[PDB]
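Here the protein sequences come in this chain order: P and A. The first sequence stops at residue 11 when you use the deposited numbering, and every number in between is there. In case it helps, the deposited numbering puts the second sequence at residues -2 to 234, 241. Backbone N, C-alpha and C fix where the C-beta goes; we use that ideal spot for every residue, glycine too. These notes are about the structure you will find just below.
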Amino acid sequence: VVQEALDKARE
Amino acid sequence: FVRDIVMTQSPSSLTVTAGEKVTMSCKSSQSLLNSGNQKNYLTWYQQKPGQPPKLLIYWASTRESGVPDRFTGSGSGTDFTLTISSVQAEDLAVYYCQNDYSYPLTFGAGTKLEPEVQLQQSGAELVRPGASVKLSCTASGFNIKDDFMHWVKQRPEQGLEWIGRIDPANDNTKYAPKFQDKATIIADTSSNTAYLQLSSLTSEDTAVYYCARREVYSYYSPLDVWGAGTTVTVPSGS
């Protein structure tokens, strides 16, 4: 979920 | 019922003699591989006594800037290993591998080898069982609105325990299952400080609490900057 949570955070 | 992902490190202890070759193993209960970008979300930390974990390697094999070539991270999916081609003196300490693939982030028990950007943390605490205490973490070199502020626990044992993390920008927080009640993470971008509150303290809470940051502007980044940590003592009695 981490890499997806980051993307969602930045984007 | 969704698990947690267990990190099993071995050997736990290992007397070593200078020059020797050491090989530490880190296995995960579940895949740490992201088939999307083919990266293994495994990070290695080196920790000398009295200090907070130092970032060694992330994504399984990429060495952080400054770590000697004699250190090598390898492995894929569920089997990872850290190797020191020729152990040096200043190489001792304990080593932890961390699951950075999916929440909750979990650390292994580690392998103990036997022979300006920073985070300001509040003073040591002494508290009675049943009480609550607030710990503080102030970034001194960057804006916390640009990072995820994490809280890590570590009792005298040595095992690192992820408590949770918050997104100062949207106040979005994520908590490890076992700390979902005992902990509450708050952020105040104004003062650029992150707080952690523990309630209903027991002797099980006696430990060293560290805060850490994770940049969110890069595509990806592990937990690099760790504060010195705040010792919280909960003496049992009465």
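In its chain, beyond the 5 residues on either side, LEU52 have a beta carbon closer than 6 Å to the beta carbon of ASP221 (chain A). Within 8 Å of the CB of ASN37 (chain A), no CB atom of chain P is found; the nearest one sits about 11 Å away. Around the CB of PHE(-2) (chain A), fewer than 16 other CB atoms lie within 10 Å, so the residue is classed as exposed. The beta carbon of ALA166 (chain A) sits closer than 7 Å to the beta carbons of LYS142 from its chain, once the five residues preceding and following it are set aside; these are given in chain order. With a cutoff of 8 Å on beta-carbon distance, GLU61 (chain A) and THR227 (chain A) are scored as not near each other. Contact between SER22 (chain A) and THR78 (chain A) is confirmed by a C-beta separation of about 5 Å, below the 8 Å threshold. Note that the C-beta distance between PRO50 (chain A) and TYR98 (chain A) is not below 8 Å. Of the other Cβ atoms in all chains shown, 16 or more fall within 10 Å of the Cβ of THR103 (chain A); this residue is therefore buried. For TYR100 (chain A), a Cβ of chain P is located within less than 8 Å of the residue's own Cβ. Interface criterion met: the Cβ of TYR214 (chain A) is under 8 Å from a Cβ in chain P.
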